[PDB]
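Colleague: fold the following, please.
(one chain, ligands or ions: 1)
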Amino acid sequence: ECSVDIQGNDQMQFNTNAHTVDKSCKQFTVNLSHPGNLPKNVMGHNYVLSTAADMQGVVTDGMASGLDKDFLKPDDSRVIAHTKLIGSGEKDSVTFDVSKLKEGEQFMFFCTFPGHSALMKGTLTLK
Ligand SMILES: [Cu+2]
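Modeller: Numbers count the residues shown, from 1 in each chain. Next comes the structure:
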């Protein structure tokens with residue numbers, strides 16, 4: 001009860017816009033996959049986690065940081081956890097410590113590829 005599977009597709013969609021993390025999990029695992037046909041250079045996706053209020057800046061700086069940095073600013077302390085940027089036929093998992101989430105905050109997940117974040121975003125709720 002401490003993982004979730006998510007897909008990103010060739011139509012710039014995740015197949016969820018919300019998941020939970022139970023507060024009794026010590027670690028939580030996100031398993032991202034790209035079952036499309038377009039490569040990462042034109043339709044790459046990542047799962048990037050931050051507070052809801054930090055998502056905009058993570059995205060802005062990330063899009064400006066280069067494909068070769070997976071569209072994340074180096075040493076961006078607002079990023080709680082993330083997967084790699086993946087393309088067709090690839091998958092990547094991230095396991096993180098739930099202690100990184102505070103029960104007082106609200107959290108969102110998103111993709112930082114150029115143009116994808118307003119389409120590819122969702123809520124993570126710690127319950
Ligand atoms: Cu994307």
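Colleague: going by C-alpha atoms from here, please, whenever you check contacts or count neighbours.
Modeller: Fine.
Colleague: following whatever helix or strand residue 92 lives in, which helix or strand shows up next?
Modeller: In this assignment (DSSP states H and E), residue 92 forms part of strand 91-97. As assigned by DSSP H and E, the chain's next helix or strand after strand 91-97 is strand 107-110.
Colleague: other SSEs contacting that next one?
Modeller: strand 48-51, helix 55-63, strand 121-126 (3 or more Cα pairs under 8 Å, 6 or more residues apart in numbering; DSSP states H and E).
Colleague: who does the shortest one touch, helix- and strand-wise?
Modeller: Translated: strand 48-51. strand 81-82, strand 107-110.
Colleague: how far away is the residue in the chain positioned nearest to the ion from residue 126?
Modeller: Closest contact between the chain and the ion, by Cα to the ion, is at residue 45 (3.4 Å). Going from residue 45 to residue 126 by Cα to Cα, to the nearest Å gives 24 Å.
Colleague: who has more neighbours out of those two?
Modeller: residue 45 (36 against 19; other Cα atoms under 10 Å).
Colleague: now the phi/psi pair for that one, please.
Modeller: phi -130, psi 140 (degrees, to the nearest 10).
Colleague: measure it to residue 112 for me?
Modeller: With distances taken as Cα to Cα, residue 45 is found 7 Å from residue 112.
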